[PDB]
């Protein structure tokens, strides 16, 4: 039976059939243990749930599904369509629906599940979707072979900063730079330092989970995983040629997300990304290291350029 957590509160429905299964879980984002955490970012005084919030729940229903059938869960094909504003005024029910389909009777052969995230009063808004994948360790093995190359990019960023070539932002100064666009729940302000090579939207950052409070139970703490994606959002938005009064880069989702080691709330990690240039979309990979160890990887993290002013409008609509 699925363990309830800070971010997954009850099972609404759990049905097996011959050609598939449906699992519906529910999270009251107004519940007092989670409401604070659900309010990750703040834009024009409007609180916003981060994609990492869905990713946590996805990892949970995926891990459960994968164990129930028989291993790494990949939160893949994440698409964030509509803002979720945790109002904190009476129940606000986020329903996460996981569906699986199969041949008879190869249920145990199943390597993916479709996941949808929608708030209910019933239906309020459909927010996001992803596909969880029960994946191989092939990527992990490949990442392990590239560790030394990632470490080299990181070292070269620090060397450049030490020569006056690249900007290095202390934690509070980085958040100040972003503050006309978004403010952050303090528990999400986990970027300790960030070195940015603006020419390639390329960043090396120390993320220190000890800098926030992360009480509760999770598969992947939404603050910890949002801090990882913040590094790529900062690389884009902190470029001297991006005028954040007019245009801002927002997280649209990603192609793949795997976690290989605990995201420990007493530890700091190294995060490296080269986003680059590219319609209204940029994409790139984000790796998380713990010294020599591969901790996590976003493949094809996607940020969308949106008008600052029209963002304001839609969020107030």
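Numbering follows the first chain given and starts at 1.
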Counting residues of the deposited sequence that sit between residue 70 and residue 71 but have no coordinates, the total is 10 or more
How many residues sit between residue 121 and residue 122 in the deposited sequence but have no coordinates: none, 1 to 3, 4 to 9, or 10 or more?
-> 1 to 3
Looking at the deposited entry, does 303-311 or 11-19 carry the larger mean Cα B-factor?
-> 11-19
Mind pulling up the entry and telling me whether 218-226 or 154-162 has the higher mean Cα temperature factor?
-> 154-162
Which of these, 270, 52, 27, 279, has its C-alpha atom at the highest B-factor, as the entry lists it?
-> 279
Peak C-alpha temperature factor (PDB record), options 167, 128, 138, 132 = 138
Place residue 46 in the lowest, middle or highest third of its chain's C-alpha B-factors, as listed in the PDB entry.
-> middle
Just say lowest, middle or highest third for the CA B-factor of residue 291 relative to the other modelled residues in its chain.
-> middle
Using the B-factors in the PDB entry, rank residue 193's C-alpha atom against the chain and give the third, lowest, middle or highest.
-> lowest
Compare the C-alpha B factor of residue 260 with those of the other modelled residues in its chain, then answer lowest, middle or highest third.
-> middle
Report the third (lowest, middle or highest) to which the CA temperature factor of residue 102 belongs, ranking only the modelled residues of the same chain.
-> highest
